[PDB]
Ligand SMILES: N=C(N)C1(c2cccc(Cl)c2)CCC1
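The chain that follows stands alone, in the form deposited without the ligand, written as structure tokens.
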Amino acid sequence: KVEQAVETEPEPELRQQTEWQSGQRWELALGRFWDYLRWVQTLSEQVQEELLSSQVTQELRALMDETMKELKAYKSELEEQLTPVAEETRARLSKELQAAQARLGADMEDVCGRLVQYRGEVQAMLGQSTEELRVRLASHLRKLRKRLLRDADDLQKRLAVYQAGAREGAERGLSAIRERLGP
């Protein structure tokens, strides 16, 4: 159930048109946050002043707000359709998209939570060691930035195929939205 050479039959152009029709709306919000959240990877003195307070946490909070506002806004419109497939390709992407959306949102939500978490324990001591917290945060956060990156890119592929929209076959296919669990 993969679009390897079977999609090139029904005209693979649908993939090229979708990428352009995407609009880069939702991809813009997250895209700008992708570099922002990953920027904290520095773990340098800069993170010490950003973590000590609700700085980094404040930023990440917005990132999840935009990507969620843009995704839900575009998702609703796409709800009227369900990619020009709905057979064997859409079925597979249906479950994949649901897993990608829950991932990006899960990892991103864990990022802000981890920062504020590791901070509370750090600020509780301060006078104590400064490496133990630097080695941990760098590691824990590292996994959050890595996975989130893989989920973000994968989520763009699924959401890209959903933006295509069929026409009549989708007009009666609420399955798409039914899986999105959104308005």
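Residue numbers here begin at 1 and follow the sequence given.
Just so you know, the form solved in complex with the ligand exists too; it's not on screen, but the next bit is about it.
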{"item": "Contact of residue 57 with the ligand in the entry with it bound (heavy atom, 4.5 Å)", "value": "no"}
{"item": "Interface membership of residue 50, the ligand in the entry with it bound, 4.5 Å heavy atom rule", "value": "no"}
{"item": "Any non-hydrogen atom of residue 116 within 4.5 angstroms of the ligand in the entry with it bound", "value": "no"}
{"item": "4.5 angstroms heavy atom contact with the ligand in the entry with it bound for residue 149", "value": "yes"}
{"item": "One residue of 30, 40, 133, 141 in contact with the ligand, assessed in the entry with it bound (non-hydrogen atom, 4.5 angstroms)", "value": "30"}
{"item": "Residues 76, 79 and 162 all lining the ligand in the entry with it bound, heavy atom within 4.5 Å", "value": "no"}
{"item": "Stretch from 149 to 157, 59 to 67, 122 to 130, 40 to 48 whose residues place a heavy atom within 4.5 Å of the ligand in the entry with it bound", "value": "149 to 157"}
{"item": "Sequence-ordered list of residues in 32 to 61 near the ligand in the entry with it bound, where near means a heavy atom within 4.5 Å", "value": "34"}
